[PDB]
Amino acid sequence: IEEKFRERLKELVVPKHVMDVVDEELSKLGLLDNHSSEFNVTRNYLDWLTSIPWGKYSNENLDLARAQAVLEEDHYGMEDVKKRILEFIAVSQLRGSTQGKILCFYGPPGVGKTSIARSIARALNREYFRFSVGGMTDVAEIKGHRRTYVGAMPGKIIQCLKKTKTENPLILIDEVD
Amino acid sequence: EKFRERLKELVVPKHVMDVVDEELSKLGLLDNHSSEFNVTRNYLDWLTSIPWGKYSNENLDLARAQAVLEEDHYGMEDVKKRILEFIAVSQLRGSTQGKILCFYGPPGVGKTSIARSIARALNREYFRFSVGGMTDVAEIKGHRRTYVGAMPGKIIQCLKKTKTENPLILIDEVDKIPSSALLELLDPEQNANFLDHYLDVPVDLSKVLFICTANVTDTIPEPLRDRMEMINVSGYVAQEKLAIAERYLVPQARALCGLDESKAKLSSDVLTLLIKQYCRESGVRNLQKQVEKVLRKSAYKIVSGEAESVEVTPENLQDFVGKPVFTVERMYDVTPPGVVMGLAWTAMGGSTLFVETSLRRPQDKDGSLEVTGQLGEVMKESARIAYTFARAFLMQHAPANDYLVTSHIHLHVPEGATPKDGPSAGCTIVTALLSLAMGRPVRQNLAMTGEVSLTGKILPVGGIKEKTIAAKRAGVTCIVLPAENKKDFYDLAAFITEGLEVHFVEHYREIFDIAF
Amino acid sequence: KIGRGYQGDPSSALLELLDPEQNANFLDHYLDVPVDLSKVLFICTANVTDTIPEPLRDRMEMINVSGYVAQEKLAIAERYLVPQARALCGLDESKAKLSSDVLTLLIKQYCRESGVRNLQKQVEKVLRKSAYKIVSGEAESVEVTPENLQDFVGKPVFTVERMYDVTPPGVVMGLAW
Ligand SMILES: Nc1ncnc2c1ncn2[C@@H]1O[C@H](COP(=O)(O)OP(=O)(O)O)[C@@H](O)[C@H]1O
Ligand SMILES: Nc1ncnc2c1ncn2[C@@H]1O[C@H](COP(=O)(O)OP(=O)(O)O)[C@@H](O)[C@H]1O
């Protein structure tokens, strides 16, 4: 029903283009015939559109002392990673807005890269999603399929957004090599 | 009403009760016997089917757990010990829901029956559903009520069948699997709140115990691997295959075929003939197939009028199973010069191989070695390294002996071993070349295995269990192993290594001394 | 039935028809009364072990039906194939006869596949080639000999093996399977 979709947006900050798309799809749903193929298509589409956290951010811990304690508590050593996270927090504190970076941890297996990533998420109070690019070989697993095709599921960043329900999710891409 | 007393007997949650009475009043606007009537009917039937508060009492008692585990299965002492450790840890922690157990090993070892045994031991309700390339979520979560194909799914069907909120769900063949659905099924953050598609109301899968089985772990996704505790289930030796067949396989199959003991029999001798001839695996799957074949043909016999009571002795066995396969045996009872008995760890299991060498041209210029056998790059490298070490060893030990460095040899290693541990025959190749160069045959009943480096260090190998099993089965009295496999050889059993003079070595020189 | 897409017919719709426990209440969309198919013997055929979805592949019991040896093929050709081909082409046994010798030769040099279809094709070809003569008036009767068989079935597809009444110093006889 259009009610659920209209309501799931009342707690978001939806951009104008997304709102245009949602409105035209809702009119299309109103005009379509129930439990038909096109209706299922438009329903799945509106579901995925209205289950994106459009203006929601989680509130981060910017206290250097507490973050440093949380880091020193879960892992020994790793001074490069810990200094990098502390500088990240200092720069995010010198501004008001939230910051976005792209880091790469490389090293032998079993040295705590994934675990320190989870600990960084805990210290920053962000969410935490991880997907593997370990051997994947189809670009659709990242970019998504059209709506025309039968399977038609959106990527994996869209799925991590829908899951974490926030826009500061600390994605972890394992095995990029 | 039927549905009313249904929900009255069991402890319903409030939101569920609200929704069910809502849909019941929605049917109250009667639309008798239509699509929108039977949809509501099936919805309410599934709802009053699902158990809501009722559960099964558990039993974390180690004594009864041990009794059940030893009764339901033979052997598997280490797997049983791991199960008891899990049970004790889960009694201490009290939750019994932390990490998922996953048994892996060769096919036919009965890692699917351990789940039933565990359900019996924990007094839970068992349920199994397999995941072989399902590629869909509709098996787990189901379909929507709008589709003409409207099914709740595997989980809700399990709940309706067990009538229990805390059953045991085995997941078969994970390594053959769609996976994100399993993640949402196993993660305790969302098991407590599980959403079926055919049932918009959620469900609580927090007290549910999940087990997994697989054939190999490498193909299981690393997300799941991070969430499973792997238990290794190994194959059975012939001595315990016999016990399994006598106590479980033959009674089960005789029940399957509608017979009983007074009409169809299978002696220990014919059973072990089956085990050693018509089956060369590490499980009991092919043995179970052969036993079912025997019993089906015996049933046909006793129906056709003849043979009111049939007996299968090792002489009339070809009437049932056919002609003996895997009959080929030791190729050399006294090996000539240039032939050595190595041990191989093949796919099916251990084997004994006869590495052979022969001069090929009549005897400046250097000699040459050509190698047959379907060898790969690594195995050709191993043959070259062994060749060079044997050359140098001879030119140091017998400096006047000119055989290796001038003659043209032909080496043949039989094609049994896996692509890995192919280099395990290095000491065998070196000894074959030395035995050919000198005029001496190798010690009489002597089998060997182990890797050799360019300077003669004896490097460790795998599959010591299979290799010593095949070595004993081939009638070998003296076995040679690398020195880093002392643990592997001594920690396997005592009824396998009794009359077996074993020699552990580190460099090749002492292999030479104990082989000549 | 390769793949299951929009309400896939291959497996989901058939497993509940081949599952021993499910079918006892078989729900058909029309005639919405779950019926029991308990006393029903299901025989499936295939020509590949794979390309059967595993949820069925484990429900059935694969029975292998391998090809035929030359003497099996000869017995089949004499019991069934030649009489049926005569009944179709309308030729009597006397107007054209196929000895066991010529049938053995045909099998040995023309039909070395696993089934009997190519053999039936060759027998039909011989019989219709002879029928043409009977009708065109020439050769009011026909006899097929291992010498003039090339006139009915063409030149052999396989190569003939040599034969040595006295073996030279180079050759040795051997038995093959
Ligand atoms: N410096 C460290 N301090 C504490 N634990 C560590 C450290 N390094 C590794 N570990 C432990 O090793 C385990 C496995 O590490 P993991 O994160 O799987 O390595 P990888 O980098 O391959 O993902 C983790 O559970 C973690 O607790
Ligand atoms: N140690 C054992 N004791 C009793 N039965 C066994 C044992 N090992 C295997 N089996 C038999 O093997 C069959 C199950 O094989 P299983 O190991 O489940 O194969 P898979 O692992 O491929 O599912 C069961 O019928 C079970 O009776």
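Here chain B follows Swiss-Prot for its numbers: 419-595, 603-788, 795-947, in order, are the residues you see.
Here the Cβ of each residue, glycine as well, is placed from N, Cα and C on the backbone.
These features come from Swiss-Prot:
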- B:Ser855: active site (ACT_SITE)
- B:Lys898: active site (ACT_SITE)
- B:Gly523, B:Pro524, B:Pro525, B:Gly526, B:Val527, B:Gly528, B:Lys529, B:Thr530: ATP binding site (BINDING)
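Features recorded in Swiss-Prot, as mapped to the structure shown.
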| residue | record | Cβ within 10 Å |
| --- | --- | --- |
| B:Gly523 | ATP binding site | 20 |
| B:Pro524 | ATP binding site | 19 |
| B:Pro525 | ATP binding site | 14 |
| B:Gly526 | ATP binding site | 18 |
| B:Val527 | ATP binding site | 24 |
| B:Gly528 | ATP binding site | 26 |
| B:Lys529 | ATP binding site | 26 |
| B:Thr530 | ATP binding site | 15 |
| B:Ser855 | active site | 27 |
| B:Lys898 | active site | 31 |
Residues flanking the ATP site, with Cβ no more than 8 Å from the Cβ centroid of B:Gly523, B:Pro524, B:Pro525, B:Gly526, B:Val527, B:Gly528, B:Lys529, B:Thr530 and excluding those residues themselves: B:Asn640, B:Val658, B:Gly708, B:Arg710
Distance-selected recorded positions near ligand 2 (C-beta under 6 Å), from B:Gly523, B:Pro524, B:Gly526, B:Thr530, B:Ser855, B:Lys898: B:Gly526, B:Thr530
Rounded to the nearest Å - Cα separation of B:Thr530 (ATP binding site) and B:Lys898 (active site): 27
Inter-residue Cα distance where the pair is B:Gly526 (ATP binding site) and B:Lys898 (active site), in Å: 20
Rounded to the nearest Å - Cα separation of B:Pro525 (ATP binding site) and B:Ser855 (active site): 25
Pairwise CA distance, B:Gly528 (ATP binding site) versus B:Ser855 (active site), rounded so that it is a whole Å: 30
Separation of alpha carbons, B:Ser855 (active site) and B:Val527 (ATP binding site) (Å): 27
